[PDB]
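If you want the building blocks of each chain, they are given just below.
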Amino acid sequence: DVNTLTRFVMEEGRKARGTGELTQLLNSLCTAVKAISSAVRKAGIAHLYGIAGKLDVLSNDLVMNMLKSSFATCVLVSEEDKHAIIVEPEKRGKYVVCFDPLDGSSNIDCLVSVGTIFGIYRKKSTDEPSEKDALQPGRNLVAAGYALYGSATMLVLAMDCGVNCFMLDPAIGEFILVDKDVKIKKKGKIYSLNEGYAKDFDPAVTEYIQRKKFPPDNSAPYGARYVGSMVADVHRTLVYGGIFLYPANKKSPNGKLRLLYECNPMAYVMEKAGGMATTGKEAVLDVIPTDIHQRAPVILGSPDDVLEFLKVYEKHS
Amino acid sequence: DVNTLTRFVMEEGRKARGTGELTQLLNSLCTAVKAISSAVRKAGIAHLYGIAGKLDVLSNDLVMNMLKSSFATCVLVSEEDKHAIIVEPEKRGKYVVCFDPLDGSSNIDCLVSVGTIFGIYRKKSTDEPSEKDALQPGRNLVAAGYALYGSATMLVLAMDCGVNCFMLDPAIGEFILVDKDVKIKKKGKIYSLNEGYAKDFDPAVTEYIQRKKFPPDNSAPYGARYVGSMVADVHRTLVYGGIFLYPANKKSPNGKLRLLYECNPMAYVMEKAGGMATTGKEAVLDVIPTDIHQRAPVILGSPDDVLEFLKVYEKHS
Amino acid sequence: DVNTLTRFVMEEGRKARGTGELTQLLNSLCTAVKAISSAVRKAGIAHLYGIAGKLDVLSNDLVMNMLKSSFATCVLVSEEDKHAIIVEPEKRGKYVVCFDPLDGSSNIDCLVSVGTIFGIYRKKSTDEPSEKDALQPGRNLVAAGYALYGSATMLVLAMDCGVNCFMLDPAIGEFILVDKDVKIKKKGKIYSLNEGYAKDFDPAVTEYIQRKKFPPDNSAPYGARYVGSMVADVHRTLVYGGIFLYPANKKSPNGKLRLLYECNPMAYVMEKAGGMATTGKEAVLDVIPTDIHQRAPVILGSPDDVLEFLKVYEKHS
Amino acid sequence: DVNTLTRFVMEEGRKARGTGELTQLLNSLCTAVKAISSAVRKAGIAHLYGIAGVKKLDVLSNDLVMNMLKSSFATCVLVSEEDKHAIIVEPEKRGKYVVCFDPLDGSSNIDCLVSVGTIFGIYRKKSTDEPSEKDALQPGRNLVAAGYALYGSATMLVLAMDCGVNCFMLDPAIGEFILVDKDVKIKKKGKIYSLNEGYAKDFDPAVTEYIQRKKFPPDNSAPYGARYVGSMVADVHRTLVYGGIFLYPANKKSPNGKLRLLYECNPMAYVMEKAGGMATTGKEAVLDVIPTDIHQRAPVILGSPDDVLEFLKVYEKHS
Ligand SMILES: O=C(Nc1ncc(Br)s1)NS(=O)(=O)c1cc(Br)c(Cl)s1
Ligand SMILES: O=C(Nc1ncc(Br)s1)NS(=O)(=O)c1cc(Br)c(Cl)s1
Ligand SMILES: O=C(Nc1ncc(Br)s1)NS(=O)(=O)c1cc(Br)c(Cl)s1
Ligand SMILES: O=C(Nc1ncc(Br)s1)NS(=O)(=O)c1cc(Br)c(Cl)s1
């Protein structure tokens, strides 16, 4: 039986006997994703080039305006805005959303895969909304996921029921469910990190990657892949297994990716998919943020591969 | 003044006072790319999943049929067919086309970028058309390029007049000229290869990569990127500069990429953009093929980066 | 603030504190309508014509399948099925849907406007669902409307809250609310009927039409428009005012249009839009059907015009 | 074997050993029509309604056609329903063709989403003077090519040349015009008449009697069906596909009719004749009228020949 994203969320919402606010939020978000996808695939570019005589800015506005007008949110955190956005009172709902509206867009001149990442928290207190309502550990996530604008557009949605993958059919503007209850392989064969930074690697990372290239036993060395666009590298890791690393070094003691709207939603998808996600010293989802734009190192993927990393990591501790 | 692909090709054809066959071939090829792109982005996937109750094969069929019916071709070589296809006498024209109808499609389950690669030769001999007509060196290419199905779908077309880039506007199904007479950077800051084969690397490749991670002049190390899809990796190399390497390993002692419809067309685009493409021992375009599916090692990209590799290569004889 | 059809229905439905069955129904129906529009604008026709080497039947299948899999219906009546379809028990909901999946389709060979018409009733008894559950007067409509596949695609939805018009943005596959709580003009300037049956007209129709062409008060005569596709002629009456007639003649004492899935939903849209809808002797919504395909004569549109028709009809006892 | 418009025109051009200017022209026109269709189906309308927090359609259509023709290097004079004067292409972009067009006909009723269309006619420049408005004053007989786009339930391009009439379906999934009807011919006689009967008070007596004959046939045969969309391209295209007769005739208040000869009547008459139909003003063939003003009007009755003849017989009966 065919299933769409909207149909699916509605059916889960009725099972749970909820009020509907989250379904309205997710429906708005889904619509924002279709418009972003359309602009990313360069719909209307002929008009820009004079046939009749901003991509991350538009991305941010699409998500921002669709979430605000959903009547389901009260605080919004974005890669693009220095401060949390507080929804005006008439539109205030009960959810906090952190998002990266177009991750990887810094290299979009080469038409690399890009994506939107989002995380949804229930607002916990009844105080007047403020930036502080976004400083929750990822463990508190109600829902998280990403859309990948790759060879095709896919929406990956993680909730407590698990991880589900939806393909955008552009002929009809619908997300079709194509992977139910996805789980990552226990062990993979691919490692993903920018090896041009080798001069600066923490000694444990240097030893870990060296073992993937030169296994002590007779196993085959791992393949390397690194798109440089997080959503694409994480989705490959999810679909094929393995390990993704953007680790900490002495130049970056807290890593580079932002915890709220990059590391946590990926850590959440990974954990709902049976994988792992650590900073080296703790699970990414247990980190308690103090700044909405603070960074975190992240190592995520297949459990055996992440467990092996932590073993090399503790060897150097 | 705005320009489309078909408009651009027609204007060159009349300047060149030619018969139109290459225009018809190129026009047909362009139609195939729009169908492939439509298919790669999953238009109509909802019907396959039962809303009303293989991708590399289809791409090959679209290209074959559009070329055959162009009346402009006589021999077709495809990554997907063990033998050259001989066009029937009534449809025979004067051109030989080597193409990969969907390169990278082996990893499309993760929505990696994919692309179509093509090279167009004039038939050289006067014998009956046969497989022998495709065994020409890349130096003999009349036209070459690729369609990249990435965040957007872009067509890169290379001829003697230089390199030109056309963006597919999917709202109207037209290729829009967006980059005229492209030239690659003299020196880039990114190197690209699968470093998991390090156990098998040639000493010259090993030394070259170390100089990228640990520069002798203590200048900044290069960034690493490796998508694993040749069209995406080479296109990034063209847009941002740098160097792409797929050298030989123990599983691939003659390298892995195919000379006729992968290495030569990319080498031609690179050279027409002012860049370089070498096997280590000779220019890719100077290799005389003996087998239509034969492999080649290739190092290509910015001239300063490619020369430095060759300087290291000669150090190791 | 921007609104889509699904967001609009969710917000009304939450206001009404309902179970969600109707929203699931309306969303499924929206998905079917987007699919039909894609087929109607001939997406993919290149494949039927051999690029790689039914319409009303497909339309009926799309509606049937989205309705069956919506978990909101139990009885379906279609222009295309002699008998009502009884939803299988595990998919049963409480709603009865009567629809014409592609009316006007016999003349789609000239690319005339076509459309989907639908009316939604709540089920009657709790015994076996059966064909009798569709034999309700139009007065019982819970919701009704149509999609028009014209120069653009528009969905018109009528409920207790009023009539609203949604434009399908084909770039993103969303219905955007563009006309809130719409009302028909009190009096229009266009009459619409097939004047080729004039030899068979009821004397009242003859006198009414003569009054439009040769106005007694020397006002300007009405313009005539008749596309031959009911959804197209009816939408024009809604948008611009005027009167649409498919009257009973000497040959067809109960007219030609079908009461359940053509006349009733248009009368319902007309009444909720401030217009009128008569058979000549009674309000269309007051007719109690006895057979699911029974026909009814219909005169609908701007009230002053329909009253003017009724006044001539009453004169002819 | 599949055929697209761009492929088909290239092939015909190579058979005829032409220079390519007409093919560059038609390809440019073809692109404009895909752009109009996209806007007519309302792509991107969510942005106009604030999904992230420009012009009117007949203005945008005219700019699309104007700009593509100018950049085609194939034109020298452009006449449009929307511009009082002929546009004379700048010397650097000048070609040898004169194009008359209605960029978005029927647009007065596009608010109800009725079918609309683009109409075009292409003449060769005859004289050797510098290009001017006068180079467009040619009879329809001089047409090199003519046709229309119908933006209906699907988008179709009907293109007529000496080789005949061909119909192309736009596949919006890939943006190509697919050949779906080769060498089209109209029925000898139809069953549909098409005109605005709301003007009946003012009909010329020939129109009144002829229409009266369609509703109440003398040989107690079945009456004709009526259709009138009110959009010329939709009504004319239906006449081609199903046969029949289309009338926008002259009355005493409009002795030269309302539709424009250069960019509405002539291109439709040219298609009708190439498909085996007829097109008359009542007194002469539309294609034989010599225009004196680029925006002058003409009466037109066109369609299946047997039906047009019956009209002309009724017309002559009323002298
Ligand atoms: O959406 C609802 N209820 C509904 N009532 C009617 C319709 Br129709 S949907 N509840 S919810 O808390 O938002 C939710 C969404 C998901 Br997915 C969950 Cl799991 S729980
Ligand atoms: O295309 C033509 N001639 C034409 N005449 C009129 C039109 Br319109 S096209 N010749 S060609 O040999 O195919 C060619 C394409 C390119 Br690009 C070249 Cl350089 S040479
Ligand atoms: O839709 C709901 N409930 C919902 N709860 C949460 C979400 Br989210 S939708 N009920 S209904 O009876 O279907 C209905 C549709 C319309 Br439109 C009405 Cl007015 S009432
Ligand atoms: O276009 C050409 N020749 C060509 N040369 C190369 C290519 Br490729 S096409 N001739 S033309 O005069 O424009 C013309 C179009 C039609 Br349709 C005619 Cl009949 S004649």
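What counts, and at which threshold
Residues numbered from 1 in each chain as written, not as in the entry; some residues may be left out. Chains lettered and ligands numbered in written order. Heavy atoms only, no water. Helix = DSSP H or I, 4+ residues; strand = E, 2+ residues; numbered from the N terminus. Rg over C-alpha atoms; globule rule 2.2 N^0.38 Å. Buried < 20%, exposed > 50% of the residue type's maximum accessible area, 1.4 Å probe, protein only. Areas by Shrake-Rupley, 256 points an atom, 1.4 Å probe, with all protein chains shown as cover. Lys, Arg positive; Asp, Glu negative; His and termini not counted. Charge placed at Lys NZ, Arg CZ, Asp CG, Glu CD. Near = heavy atom within 4 Å. Polar contact = N/O pair within 3.5 Å; in protein donor to acceptor, adjacent residues only side chain to side chain. UniProt positions renumbered as here; feature names shortened; annotations may be inferred. Contact = heavy atoms within 4.5 Å. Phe/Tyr/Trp six-rings, centres within 6.5 Å; stacked < 30°, edge-to-face > 60°. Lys NZ or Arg CZ within 6 Å of the ring centre and 35° of its normal. Least-squares fit on C-alpha atoms. Domains from an automatic or database assignment. Buried area = accessible area lost by both parts, 1.4 Å probe. Salt bridge = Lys/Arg side-chain N within 4 Å of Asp/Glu carboxyl O.

Structure determination for this PDB entry was carried out by X-ray crystallography, with a resolution of 2.5020 Å recorded in the header.

Asks: Help me out: how do you make sense of the overall build of chain A in this one?
Replies: Within chain A, the regular secondary structure consists of 8 helices and 13 strands. Relative to the 2.2 N^0.38 estimate, which gives 20 Å for 317 residues, the radius of gyration of chain A is 20 Å and therefore close to what a compact globule would have. In terms of its C-alpha atoms, chain A occupies a principal-axis envelope of roughly 60 × 50 × 45 Å. In chain A, which comprises 317 residues, the share counted as buried stands at 67%. Surface accessibility of chain A: about 11,500 Å² in total, with carbon and sulfur atoms responsible for 50%. Here chain A contributes 39 positively and 38 negatively charged side chains, and the mean placements of these two sets differ by 3 Å.

Asks: So what exactly am I meant to see when it comes to the site of ligand 4 here?
Replies: Contacts to ligand 4 come from 14 residues, most closely from D:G18, D:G20, D:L22, D:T23 and D:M161. Mapping the residues adjacent to ligand 4 onto the chains of the assembly identifies chains B and D. Note that an oxygen atom of ligand 4 is positioned 3.5 Å from one of the backbone N or O atoms of D:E21. A distance of 3.0 Å separates an oxygen atom of ligand 4 from a polar backbone atom of D:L22. Relative to its unbound accessible surface of 520 Å², ligand 4 loses 83% to contact with the protein.

Asks: How do you make sense of the site of ligand 1 when you look at a structure like this?
Replies: Neighbouring ligand 1 are 14 residues; A:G13, A:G18, A:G20, A:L22 and A:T23 lie closest to it. At ligand 1, the nearby residues belong to more than one chain, namely chains A and C. At 3.4 Å, a backbone N or O of A:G13 approaches a nitrogen atom of ligand 1. A distance of 3.2 Å separates a nitrogen atom of ligand 1 from a polar atom in the backbone of A:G20. Burial of ligand 1 by the protein amounts to 84% of the accessible area it has alone, namely 530 Å². Where the shell around ligand 1 is concerned, the elements lending two or more residues are α1 (5-15) and α2 (21-40) of chain A.

Asks: Would you mind going over the UniProt feature "binding site: Mg(2+) 1" (unreviewed entry) in chain A with me for this structure?
Replies: Residues and elements named next belong to chain A. Per the UniProt annotation, the sites labelled "binding site: Mg(2+) 1" (unreviewed entry) are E79, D100 and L102. Despite a sequence span of 24 residues, these residues sit close together in the fold, their greatest C-alpha distance being 8.6 Å. You can see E79 is positioned in the loop between β1 (73-78) and β2 (85-86). A residue is classified by how much of its surface remains accessible, and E79, at 30% relative accessible area, is partly exposed. Setting aside its immediate chain neighbours within four residues, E79 contacts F99, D100, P101, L102, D103, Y261 and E262. Here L102 is to be found in strand β3 (residues 92-103).

Asks: Before we go on, may I ask you to explain the packing of aromatic side chains in this structure?
Replies: What describes a pair of aromatic rings is the distance from one ring centre to the other and the angle between the planes of the rings. Evaluation of the coordinates by the stated rule reveals 14 aromatic pairs over all chains. Ring centres 5.6 Å apart and planes at 80 degrees place the aromatic pair D:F8 and D:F168 in the edge-to-face group. Take D:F8 and D:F168: they sit in the same class, and that class is buried. Members of the aromatic cluster, connected to one another through ring pairs, are A:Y208, A:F309 and A:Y313. The side chain of C:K212 reaches across the aromatic face of C:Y222, ending 4.1 Å from its centre. Here D:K214 stacks its cationic end above the ring of D:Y224, 4.1 Å away from the centre of that ring.

Asks: Just checking my understanding: could you explain the relation of the copies chain C and chain B for this structure?
Replies: Each of the two chain copies can be brought onto the other by rotation about an axis and movement along it. Screw-axis analysis of chain C against chain B gives a translation of 0.1 Å along the axis, an RMSD of 0.5 Å, and a rotation angle of 180 degrees. Here the transformation between the copies is reduced to the relation of a two-fold axis. The rotation axis passes nearest to the C-alpha of C:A171 in chain C, at a distance of 3.6 Å. A shared interface surface links the copies, since 100% of the contact residues of chain C are contact residues in chain B too.

Asks: Is there a simple way to explain the domain arrangement of chain A in this structure?
Replies: Quoted interface sizes are often the accessible area lost when the parts come together. Residue and element names in this part refer to chain A. With domains assigned, chain A is organised as domain 1 (1-181) and domain 2 (182-316). A C-alpha centroid distance of 24 Å is found between domain 1 and domain 2. Facing the 46 residues of domain 1 at the interface are 30 residues of domain 2. Here domain 1 meets domain 2 over a buried area of about 2,900 Å², counting both sides, of which 66% is carbon and sulfur. Its largest share of buried area at the contact with domain 2, domain 1 owes to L135, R139 and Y146, together 23% of the area lost on that side. Summed over the shared surface of domain 1 and domain 2, the result is 4 salt bridges. Where domain 1 packs against domain 2, one counts 12 residue pairs in polar contact. Ranked by residue count, the leading element in the side of domain 1 that touches domain 2 is strand β5 (residues 141-149), at 8 residues.

Asks: Help me out: how do you make sense of the interface of chain D and chain C in this one?
Replies: Taken residue by residue, the interface counts 57 residues in chain D and 56 residues in chain C. Of the roughly 4,600 Å² buried between chain D and chain C, counting both surfaces, carbon and sulfur atoms make up 61%. Taken together, the connections running from chain D to chain C amount to 2 salt bridges. A salt bridge links C:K213 to D:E197; its shortest N-O distance comes to 3.8 Å. Taken together, chain D and chain C are joined by 21 residue pairs in polar contact. Of all elements in the fold, only α3 (45-48), β5 (143-151), β7 (164-171), β8 (176-181), β10 (225-226) and α6 (232-242) of chain D reach the threshold of two or more residues within the side of chain D that touches chain C. For the side of chain D that touches chain C, the element with the highest residue contribution is α6(D), accounting for 4 residues.

Asks: Mind showing me how you'd approach the UniProt feature "binding site: beta-D-fructose 1,6-bisphosphate" (unreviewed entry) in chain D here?
Replies: Residue and element names in this part refer to chain D. Mapped onto the present numbering, the UniProt feature "binding site: beta-D-fructose 1,6-bisphosphate" (unreviewed entry) falls at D105, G106, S107, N196, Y199, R227, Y228, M232, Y248, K258 and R260. Mapped onto the fold, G106 is located in the loop between β3 (97-105) and β4 (116-124). In this structure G106 comes out as buried when scored by relative accessible area, which is 16%. Not counting residues up to four positions away in its chain, the partners in contact with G106 are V116 and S231. With near-sequence residues (within four places) excluded, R260 lies in contact with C265, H295, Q296 and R297.

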